[PDB]
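Text of the file data_30.pdb, holding PDB, C-alpha atoms (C1' of nucleotides):
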```
ATOM      1  CA  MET A   1     153.431  22.019  79.340
ATOM      2  CA  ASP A   2     154.490  21.179  75.793
ATOM      3  CA  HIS A   3     151.775  18.568  75.233
ATOM      4  CA  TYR A   4     148.189  19.032  74.127
ATOM      5  CA  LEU A   5     145.020  17.084  73.370
ATOM      6  CA  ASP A   6     142.260  18.444  71.138
ATOM      7  CA  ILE A   7     138.604  17.630  71.815
ATOM      8  CA  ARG A   8     135.965  18.519  69.225
ATOM      9  CA  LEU A   9     132.223  18.331  69.775
ATOM     10  CA  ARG A  10     130.547  15.867  67.507
ATOM     11  CA  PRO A  11     127.371  17.248  65.921
ATOM     12  CA  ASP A  12     124.326  16.019  67.762
ATOM     13  CA  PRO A  13     120.688  16.109  66.638
ATOM     14  CA  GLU A  14     119.656  16.217  70.297
ATOM     15  CA  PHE A  15     121.781  19.067  71.651
ATOM     16  CA  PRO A  16     123.247  22.455  70.767
ATOM     17  CA  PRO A  17     127.048  22.715  70.969
ATOM     18  CA  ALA A  18     126.945  25.222  73.839
ATOM     19  CA  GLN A  19     125.168  22.748  76.132
ATOM     20  CA  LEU A  20     127.702  20.034  75.317
ATOM     21  CA  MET A  21     130.598  22.437  75.837
ATOM     22  CA  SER A  22     129.244  23.466  79.237
ATOM     23  CA  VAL A  23     128.748  19.916  80.488
ATOM     24  CA  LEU A  24     132.214  18.993  79.176
ATOM     25  CA  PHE A  25     133.751  21.941  81.013
ATOM     26  CA  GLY A  26     131.938  20.990  84.199
ATOM     27  CA  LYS A  27     133.156  17.421  83.969
ATOM     28  CA  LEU A  28     136.732  18.609  83.244
ATOM     29  CA  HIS A  29     136.453  20.837  86.356
ATOM     30  CA  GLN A  30     135.229  17.911  88.464
ATOM     31  CA  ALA A  31     138.084  15.830  87.043
ATOM     32  CA  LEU A  32     140.583  18.472  88.117
ATOM     33  CA  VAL A  33     139.168  18.749  91.656
ATOM     34  CA  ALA A  34     139.408  14.957  91.701
ATOM     35  CA  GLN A  35     142.994  15.194  90.441
ATOM     36  CA  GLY A  36     144.357  18.147  92.395
ATOM     37  CA  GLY A  37     147.117  20.542  91.434
ATOM     38  CA  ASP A  38     147.354  23.641  89.261
ATOM     39  CA  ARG A  39     149.099  22.284  86.161
ATOM     40  CA  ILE A  40     146.131  21.827  83.798
ATOM     41  CA  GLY A  41     145.359  24.523  81.248
ATOM     42  CA  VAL A  42     142.523  24.870  78.722
ATOM     43  CA  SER A  43     141.896  26.764  75.489
ATOM     44  CA  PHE A  44     139.365  27.321  72.704
ATOM     45  CA  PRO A  45     140.989  27.045  69.260
ATOM     46  CA  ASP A  46     137.988  27.895  67.053
ATOM     47  CA  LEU A  47     137.092  30.985  69.109
ATOM     48  CA  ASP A  48     134.977  33.825  67.728
ATOM     49  CA  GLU A  49     135.621  37.045  69.657
ATOM     50  CA  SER A  50     133.251  39.029  67.428
ATOM     51  CA  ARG A  51     130.143  36.877  67.928
ATOM     52  CA  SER A  52     131.159  35.822  71.495
ATOM     53  CA  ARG A  53     131.147  32.128  70.585
ATOM     54  CA  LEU A  54     133.480  29.516  72.050
ATOM     55  CA  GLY A  55     133.564  27.544  68.797
ATOM     56  CA  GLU A  56     133.311  23.770  68.604
ATOM     57  CA  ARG A  57     136.756  22.743  69.893
ATOM     58  CA  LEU A  58     138.452  22.571  73.283
ATOM     59  CA  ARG A  59     142.143  21.901  73.916
ATOM     60  CA  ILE A  60     143.805  20.890  77.192
ATOM     61  CA  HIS A  61     147.386  21.951  77.994
ATOM     62  CA  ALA A  62     149.370  19.658  80.282
ATOM     63  CA  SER A  63     152.056  16.999  80.442
ATOM     64  CA  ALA A  64     151.532  13.717  78.607
ATOM     65  CA  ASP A  65     150.844  11.614  81.718
ATOM     66  CA  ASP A  66     147.976  13.959  82.598
ATOM     67  CA  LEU A  67     146.568  13.556  79.089
ATOM     68  CA  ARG A  68     146.719   9.752  79.143
ATOM     69  CA  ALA A  69     145.229   9.723  82.643
ATOM     70  CA  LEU A  70     142.374  12.045  81.687
ATOM     71  CA  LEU A  71     141.675  10.162  78.404
ATOM     72  CA  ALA A  72     140.581   7.003  80.297
ATOM     73  CA  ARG A  73     139.339   8.374  83.631
ATOM     74  CA  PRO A  74     135.549   8.199  84.161
ATOM     75  CA  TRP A  75     135.026  11.946  83.694
ATOM     76  CA  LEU A  76     134.712  11.059  80.003
ATOM     77  CA  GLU A  77     132.048   8.429  80.760
ATOM     78  CA  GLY A  78     128.844   9.114  78.862
ATOM     79  CA  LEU A  79     130.441  11.667  76.532
ATOM     80  CA  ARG A  80     132.511   9.397  74.283
ATOM     81  CA  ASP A  81     129.438   9.112  72.063
ATOM     82  CA  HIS A  82     129.162  12.927  72.064
ATOM     83  CA  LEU A  83     132.882  13.524  71.514
ATOM     84  CA  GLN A  84     135.615  12.687  69.040
ATOM     85  CA  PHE A  85     139.211  12.811  70.186
ATOM     86  CA  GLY A  86     142.747  13.408  69.049
ATOM     87  CA  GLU A  87     145.963  11.873  70.357
ATOM     88  CA  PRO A  88     148.216  13.145  73.183
ATOM     89  CA  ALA A  89     150.958  14.897  71.232
ATOM     90  CA  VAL A  90     153.475  17.733  71.374
ATOM     91  CA  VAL A  91     152.366  21.268  70.455
ATOM     92  CA  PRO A  92     153.649  23.054  67.338
ATOM     93  CA  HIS A  93     155.943  26.072  67.485
ATOM     94  CA  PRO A  94     156.391  29.053  67.033
ATOM     95  CA  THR A  95     153.255  30.016  68.918
ATOM     96  CA  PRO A  96     152.052  33.171  70.656
ATOM     97  CA  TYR A  97     151.096  32.776  74.294
ATOM     98  CA  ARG A  98     147.977  34.115  75.984
ATOM     99  CA  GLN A  99     146.067  33.716  79.229
ATOM    100  CA  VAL A 100     142.620  32.210  79.758
ATOM    101  CA  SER A 101     141.080  33.905  82.774
ATOM    102  CA  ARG A 102     137.679  33.910  84.430
ATOM    103  CA  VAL A 103     136.211  37.406  84.414
ATOM    104  CA  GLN A 104     133.526  38.308  86.935
ATOM    105  CA  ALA A 105     131.296  41.368  86.741
ATOM    106  CA  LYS A 106     129.301  43.202  89.388
ATOM    107  CA  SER A 107     126.119  42.091  87.652
ATOM    108  CA  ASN A 108     123.592  42.383  90.513
ATOM    109  CA  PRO A 109     123.447  45.678  92.445
ATOM    110  CA  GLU A 110     121.300  44.205  95.205
ATOM    111  CA  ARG A 111     123.789  41.494  96.218
ATOM    112  CA  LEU A 112     126.575  44.044  96.634
ATOM    113  CA  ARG A 113     124.008  46.173  98.482
ATOM    114  CA  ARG A 114     123.375  43.289 100.884
ATOM    115  CA  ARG A 115     127.141  42.879 101.270
ATOM    116  CA  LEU A 116     127.452  46.594 102.094
ATOM    117  CA  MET A 117     124.580  46.176 104.559
ATOM    118  CA  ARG A 118     126.356  43.209 106.140
ATOM    119  CA  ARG A 119     129.682  45.071 106.327
ATOM    120  CA  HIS A 120     128.453  48.572 107.252
ATOM    121  CA  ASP A 121     125.149  47.851 109.121
ATOM    122  CA  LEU A 122     123.160  50.159 106.832
ATOM    123  CA  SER A 123     119.527  49.742 105.862
ATOM    124  CA  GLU A 124     118.124  49.009 102.416
ATOM    125  CA  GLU A 125     117.628  52.680 101.574
ATOM    126  CA  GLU A 126     121.181  53.633 102.539
ATOM    127  CA  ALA A 127     122.369  50.757 100.340
ATOM    128  CA  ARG A 128     120.254  52.038  97.448
ATOM    129  CA  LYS A 129     121.579  55.560  98.041
ATOM    130  CA  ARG A 130     125.215  54.439  98.173
ATOM    131  CA  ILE A 131     124.872  51.950  95.278
ATOM    132  CA  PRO A 132     122.732  52.818  92.221
ATOM    133  CA  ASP A 133     121.549  50.632  89.350
ATOM    134  CA  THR A 134     124.048  52.043  86.824
ATOM    135  CA  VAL A 135     126.756  50.001  88.660
ATOM    136  CA  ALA A 136     125.542  46.754  87.019
ATOM    137  CA  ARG A 137     128.015  45.808  84.288
ATOM    138  CA  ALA A 138     127.353  43.270  81.537
ATOM    139  CA  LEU A 139     130.277  41.597  79.786
ATOM    140  CA  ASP A 140     130.522  41.249  76.013
ATOM    141  CA  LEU A 141     132.399  37.963  76.277
ATOM    142  CA  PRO A 142     131.614  34.287  75.610
ATOM    143  CA  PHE A 143     130.596  32.082  78.502
ATOM    144  CA  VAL A 144     129.745  28.598  79.716
ATOM    145  CA  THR A 145     126.852  27.877  82.084
ATOM    146  CA  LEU A 146     127.667  25.824  85.159
ATOM    147  CA  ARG A 147     125.789  24.048  87.932
ATOM    148  CA  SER A 148     127.436  24.434  91.312
ATOM    149  CA  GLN A 149     127.477  21.431  93.638
ATOM    150  CA  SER A 150     128.441  23.192  96.873
ATOM    151  CA  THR A 151     125.697  25.774  96.534
ATOM    152  CA  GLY A 152     122.746  25.117  94.262
ATOM    153  CA  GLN A 153     123.080  27.917  91.744
ATOM    154  CA  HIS A 154     123.413  27.955  87.970
ATOM    155  CA  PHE A 155     125.741  30.733  86.861
ATOM    156  CA  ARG A 156     127.355  31.914  83.649
ATOM    157  CA  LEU A 157     131.152  31.587  83.770
ATOM    158  CA  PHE A 158     132.639  34.253  81.519
ATOM    159  CA  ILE A 159     136.019  33.440  79.989
ATOM    160  CA  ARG A 160     138.623  35.783  78.506
ATOM    161  CA  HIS A 161     141.443  34.744  76.202
ATOM    162  CA  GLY A 162     144.203  37.194  77.037
ATOM    163  CA  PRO A 163     146.571  39.123  74.803
ATOM    164  CA  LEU A 164     148.940  37.221  72.555
ATOM    165  CA  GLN A 165     152.543  37.323  73.765
ATOM    166  CA  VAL A 166     155.805  36.116  72.273
ATOM    167  CA  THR A 167     156.797  34.307  75.476
ATOM    168  CA  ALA A 168     155.119  32.333  78.243
ATOM    169  CA  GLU A 169     155.561  32.680  81.991
ATOM    170  CA  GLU A 170     155.189  30.412  84.995
ATOM    171  CA  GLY A 171     152.169  30.173  87.249
ATOM    172  CA  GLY A 172     149.355  27.881  88.189
ATOM    173  CA  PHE A 173     145.809  27.298  86.999
ATOM    174  CA  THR A 174     142.513  27.079  88.821
ATOM    175  CA  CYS A 175     140.405  23.934  89.081
ATOM    176  CA  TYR A 176     138.534  25.071  85.971
ATOM    177  CA  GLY A 177     141.827  25.057  84.083
ATOM    178  CA  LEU A 178     141.779  28.838  83.749
ATOM    179  CA  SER A 179     144.857  30.981  84.212
ATOM    180  CA  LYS A 180     145.669  32.361  87.636
ATOM    181  CA  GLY A 181     149.137  33.075  86.276
ATOM    182  CA  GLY A 182     149.790  30.297  83.788
ATOM    183  CA  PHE A 183     150.151  30.657  80.024
ATOM    184  CA  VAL A 184     149.174  28.411  77.115
ATOM    185  CA  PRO A 185     150.400  28.069  73.514
ATOM    186  CA  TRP A 186     147.864  29.554  71.112
ATOM    187  CA  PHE A 187     147.681  27.807  67.730
TER     188      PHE A 187
ATOM    189  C1'   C B   1     106.648  81.939  39.151
ATOM    190  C1'   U B   2     100.508  77.876  41.437
ATOM    191  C1'   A B   3      91.827  80.272  38.345
ATOM    192  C1'   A B   4      98.320  83.787  41.017
ATOM    193  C1'   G B   5      97.979  88.047  44.578
ATOM    194  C1'   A B   6      93.693  90.327  49.774
ATOM    195  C1'   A B   7      89.609  89.545  53.683
ATOM    196  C1'   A B   8      86.664  89.693  61.802
ATOM    197  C1'   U B   9      80.029  86.667  60.890
ATOM    198  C1'   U B  10      78.057  88.770  65.482
ATOM    199  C1'   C B  11      74.998  90.681  69.503
ATOM    200  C1'   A B  12      70.484  88.374  72.641
ATOM    201  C1'   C B  13      66.835  83.984  73.711
ATOM    202  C1'   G B  14      62.184  79.356  79.025
ATOM    203  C1'   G B  15      60.628  74.312  74.244
ATOM    204  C1'   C B  16      56.547  72.459  78.999
ATOM    205  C1'   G B  17      51.914  70.974  79.442
ATOM    206  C1'   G B  18      49.251  65.363  79.518
ATOM    207  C1'   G B  19      48.844  60.058  78.729
ATOM    208  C1'   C B  20      47.033  51.928  80.596
ATOM    209  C1'   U B  21      49.912  49.666  74.466
ATOM    210  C1'   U B  22      47.360  45.136  75.203
ATOM    211  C1'   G B  23      45.708  40.034  74.909
ATOM    212  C1'   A B  24      47.010  34.206  72.734
ATOM    213  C1'   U B  25      51.108  30.564  71.250
ATOM    214  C1'   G B  26      54.610  22.845  71.093
ATOM    215  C1'   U B  27      60.863  24.738  67.899
ATOM    216  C1'   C B  28      61.811  19.666  66.205
ATOM    217  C1'   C B  29      63.188  15.071  64.322
ATOM    218  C1'   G B  30      69.136  13.148  63.000
ATOM    219  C1'   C B  31      74.461  13.066  63.393
ATOM    220  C1'   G B  32      82.066   9.209  64.248
ATOM    221  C1'   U B  33      85.719  15.637  64.293
ATOM    222  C1'   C B  34      89.914  12.523  63.269
ATOM    223  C1'   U B  35      95.339  12.194  62.009
ATOM    224  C1'   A B  36     101.093  13.455  64.149
ATOM    225  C1'   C B  37     104.351  15.980  66.862
ATOM    226  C1'   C B  38     111.782  17.600  71.331
ATOM    227  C1'   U B  39     109.299  24.360  74.201
ATOM    228  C1'   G B  40     114.563  24.763  74.208
ATOM    229  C1'   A B  41     117.016  28.813  71.899
ATOM    230  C1'   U B  42     124.009  28.578  76.963
ATOM    231  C1'   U B  43     117.169  31.382  78.747
ATOM    232  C1'   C B  44     118.849  30.798  86.485
ATOM    233  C1'   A B  45     124.025  37.298  84.519
ATOM    234  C1'   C B  46     122.858  33.750  90.583
ATOM    235  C1'   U B  47     124.833  32.960  95.597
ATOM    236  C1'   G B  48     128.641  34.638  98.562
ATOM    237  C1'   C B  49     133.823  36.124  99.873
ATOM    238  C1'   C B  50     138.524  39.853 100.192
ATOM    239  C1'   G B  51     138.787  44.921 100.229
ATOM    240  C1'   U B  52     136.687  51.398 103.635
ATOM    241  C1'   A B  53     134.937  51.411  98.836
ATOM    242  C1'   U B  54     130.407  51.912  94.614
ATOM    243  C1'   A B  55     137.598  51.215  92.595
ATOM    244  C1'   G B  56     139.328  46.457  91.743
ATOM    245  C1'   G B  57     139.760  41.154  92.547
ATOM    246  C1'   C B  58     138.289  35.862  94.223
ATOM    247  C1'   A B  59     135.339  31.225  94.893
ATOM    248  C1'   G B  60     131.310  27.532  92.864
TER     249        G B  60
END
```

Here is a file; write its structure as structure tokens.
Amino acid sequence: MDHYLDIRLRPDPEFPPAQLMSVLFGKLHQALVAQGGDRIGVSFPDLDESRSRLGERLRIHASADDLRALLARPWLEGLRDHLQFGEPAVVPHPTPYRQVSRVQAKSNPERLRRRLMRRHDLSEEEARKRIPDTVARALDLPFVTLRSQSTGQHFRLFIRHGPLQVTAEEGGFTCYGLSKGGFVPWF
RNA sequence: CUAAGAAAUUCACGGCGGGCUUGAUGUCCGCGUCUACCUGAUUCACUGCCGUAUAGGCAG
């Protein structure tokens, strides 16, 4: 994956950039479940780790045929007025390589309590005795908010840009474009 | 380095007895409250799955 395509959120008087970034990420995810495979990687070039902000840019990492297919496919319908685009081009080098991975946290003690009750046949009080409320961990990481279509929930999807490395390795990506082993050029 | 420097108010106690406040009364005419707006700031940290696990991961 030596090719990239930058997408920057146009400023909108109607919307904040986080809402636009989340609906763009959901539509990219739906485009990848429509496409299939594990070869599509994402990034956030104007990231702010300190303020936990994604920035205002998103960058896809793939081959050029994937970029020209995704630049005209109807997952960009209704956002071309919200979005300005670049051109499908080759990445610069030398670049450090890092991973973009979805991090999940045990954020609700009661759901894991109900799982322990389902898998150990305990009552509610044994689940509260075995699992306290200190267990709940909150991440200090930026996030998109996503509407599931299988189930009906709205959940925060916390992303982590991994450590910078001098070389990249093989692997795939999930249907959200996040690394389950793959690496992306970071520039 | 202070109108500086010091100090035991305290023992006891029956306030109760009794009573007619009454009659009478017109509130009342009148009234232009308009004008214009993003409740959305990621604001639903959720639901489940693997794992003996609370340790750690995974899905949408």

- [ ] Write out as a ChimeraX atom specification each polymer residue whose atoms come within 10 Å of residue 54 in chain B, counting all atoms listed in the file; drop sequence neighbours fewer than 4 positions from it.
- [x] /A:109,112-113,116,127,130-132,135

Mind writing the picked residues with C-alpha atoms as a short mmCIF file (atom, residue, chain, number, x, y, z; two decimals), in the frame of the given file?
```cif
data_model
loop_
_atom_site.label_atom_id
_atom_site.label_comp_id
_atom_site.auth_asym_id
_atom_site.auth_seq_id
_atom_site.Cartn_x
_atom_site.Cartn_y
_atom_site.Cartn_z
CA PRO A 109 123.45 45.68 92.44
CA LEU A 112 126.58 44.04 96.63
CA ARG A 113 124.01 46.17 98.48
CA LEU A 116 127.45 46.59 102.09
CA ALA A 127 122.37 50.76 100.34
CA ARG A 130 125.22 54.44 98.17
CA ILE A 131 124.87 51.95 95.28
CA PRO A 132 122.73 52.82 92.22
CA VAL A 135 126.76 50.00 88.66
#
```

Task: Nearby residues (all atoms listed in the file) at most 8 Å from residue 108 in chain A, same-chain spacing under 2 positions excluded, as number ranges by chain - done: A: 106, 110-112, 136; B: 45

Can you build me a table of chain A residues sitting at most 8 Å from chain B, with the closest atom pair per residue and its distance in Å to one decimal, using all atoms listed in the file, sorted by chain and residue number, as CSV?
```
residue,atom,partner,partner_atom,distance
A:18,CA,B:42,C1',5.4
A:19,CA,B:42,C1',6.0
A:22,CA,B:42,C1',7.7
A:107,CA,B:45,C1',6.1
A:108,CA,B:45,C1',7.9
A:130,CA,B:54,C1',6.8
A:131,CA,B:54,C1',5.6
A:135,CA,B:54,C1',7.2
A:138,CA,B:45,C1',7.5
A:143,CA,B:42,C1',7.6
A:144,CA,B:42,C1',6.4
A:145,CA,B:42,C1',5.9
A:148,CA,B:60,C1',5.2
A:149,CA,B:60,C1',7.2
A:150,CA,B:60,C1',6.6
A:151,CA,B:60,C1',6.9
A:153,CA,B:46,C1',6.0
A:154,CA,B:44,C1',5.6
A:155,CA,B:46,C1',5.6
A:156,CA,B:45,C1',6.4
```

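Residue membership of the PyMOL selection byres ((chain A and resi 170) around 6) in the shown file amounts to residues 169, 171 and 182 of chain A.
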
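For the atom pair formed by CA of residue 3 in chain A and CA of residue 85 in chain A, the distance is 14.7 Å, given to one decimal.
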
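When CA of residue 175 in chain A is paired with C1' of residue 51 in chain B, their separation reads 23.8 Å.
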
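Taking CA of residue 17 in chain A and CA of residue 58 in chain A as the two end points, the separation is 11.6 Å.
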
TODO: Considering all atoms listed in the file, return as a VMD selection string whatever protein or nucleic-acid residues lie within 7 Å of residue 164 in chain A, sequence-local ones (same chain, fewer than 2 positions apart) excluded.
DONE: chain A and resid 96 to 98 162 166

Running the PyMOL selection byres ((chain A and resi 63) around 7) on this model by hand, what would come out? Give it as a PDB file with C-alpha atoms, keeping the file's coordinate frame.
```
ATOM      1  CA  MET A   1     153.431  22.019  79.340  1.00  0.00           C
ATOM      2  CA  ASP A   2     154.490  21.179  75.793  1.00  0.00           C
ATOM      3  CA  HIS A   3     151.775  18.568  75.233  1.00  0.00           C
ATOM      4  CA  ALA A  62     149.370  19.658  80.282  1.00  0.00           C
ATOM      5  CA  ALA A  64     151.532  13.717  78.607  1.00  0.00           C
ATOM      6  CA  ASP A  65     150.844  11.614  81.718  1.00  0.00           C
ATOM      7  CA  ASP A  66     147.976  13.959  82.598  1.00  0.00           C
ATOM      8  CA  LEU A  67     146.568  13.556  79.089  1.00  0.00           C
TER       9      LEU A  67
END
```

Have range 84-107 of chain A completed to N, CA and C atoms, please, and pass it along as a compact mmCIF listing (two decimals), keeping the file's coordinate frame.
```txt
# COMPACT_ATOMS: atom_id res chain seq x y z
N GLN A 84 134.52 13.32 69.76
CA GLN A 84 135.62 12.69 69.04
C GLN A 84 136.92 13.28 69.55
N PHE A 85 137.98 12.49 69.48
CA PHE A 85 139.21 12.81 70.19
C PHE A 85 140.38 12.89 69.22
N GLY A 86 141.45 13.54 69.67
CA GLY A 86 142.75 13.41 69.05
C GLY A 86 143.64 12.47 69.84
N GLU A 87 144.95 12.66 69.66
CA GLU A 87 145.96 11.87 70.36
C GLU A 87 146.85 12.79 71.20
N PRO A 88 147.34 12.31 72.35
CA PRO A 88 148.22 13.14 73.18
C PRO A 88 149.57 13.37 72.52
N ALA A 89 149.80 14.60 72.05
CA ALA A 89 150.96 14.90 71.23
C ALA A 89 151.57 16.23 71.64
N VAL A 90 152.73 16.52 71.07
CA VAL A 90 153.48 17.73 71.37
C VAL A 90 152.94 18.88 70.53
N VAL A 91 152.89 20.08 71.12
CA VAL A 91 152.37 21.27 70.46
C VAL A 91 153.28 21.69 69.31
N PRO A 92 152.76 22.42 68.32
CA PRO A 92 153.65 23.05 67.34
C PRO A 92 154.25 24.33 67.89
N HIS A 93 155.23 24.85 67.15
CA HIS A 93 155.94 26.07 67.48
C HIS A 93 156.44 26.65 66.17
N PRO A 94 156.58 27.98 66.04
CA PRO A 94 156.39 29.05 67.03
C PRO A 94 154.94 29.45 67.26
N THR A 95 154.61 29.69 68.53
CA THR A 95 153.26 30.02 68.92
C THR A 95 153.24 31.22 69.84
N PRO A 96 152.28 32.13 69.65
CA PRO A 96 152.05 33.17 70.66
C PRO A 96 151.40 32.58 71.90
N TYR A 97 151.60 33.26 73.02
CA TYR A 97 151.10 32.78 74.29
C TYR A 97 150.13 33.79 74.89
N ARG A 98 149.03 33.27 75.44
CA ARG A 98 147.98 34.12 75.98
C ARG A 98 147.40 33.44 77.21
N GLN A 99 146.65 34.21 77.99
CA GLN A 99 146.07 33.72 79.23
C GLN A 99 144.58 33.48 79.05
N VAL A 100 144.05 32.48 79.74
CA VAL A 100 142.62 32.21 79.76
C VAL A 100 142.12 32.40 81.19
N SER A 101 141.42 33.50 81.42
CA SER A 101 141.08 33.90 82.77
C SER A 101 139.57 34.06 82.93
N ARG A 102 139.08 33.69 84.11
CA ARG A 102 137.68 33.91 84.43
C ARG A 102 137.46 35.36 84.83
N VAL A 103 136.58 36.03 84.10
CA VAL A 103 136.21 37.41 84.41
C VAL A 103 134.85 37.41 85.09
N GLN A 104 134.76 38.13 86.20
CA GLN A 104 133.53 38.31 86.94
C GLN A 104 133.12 39.77 86.86
N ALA A 105 131.82 40.02 86.82
CA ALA A 105 131.30 41.37 86.74
C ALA A 105 130.32 41.59 87.88
N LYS A 106 130.26 42.84 88.36
CA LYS A 106 129.30 43.20 89.39
C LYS A 106 127.91 43.30 88.78
N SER A 107 127.30 42.16 88.50
CA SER A 107 126.12 42.09 87.65
C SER A 107 124.81 42.30 88.40
```
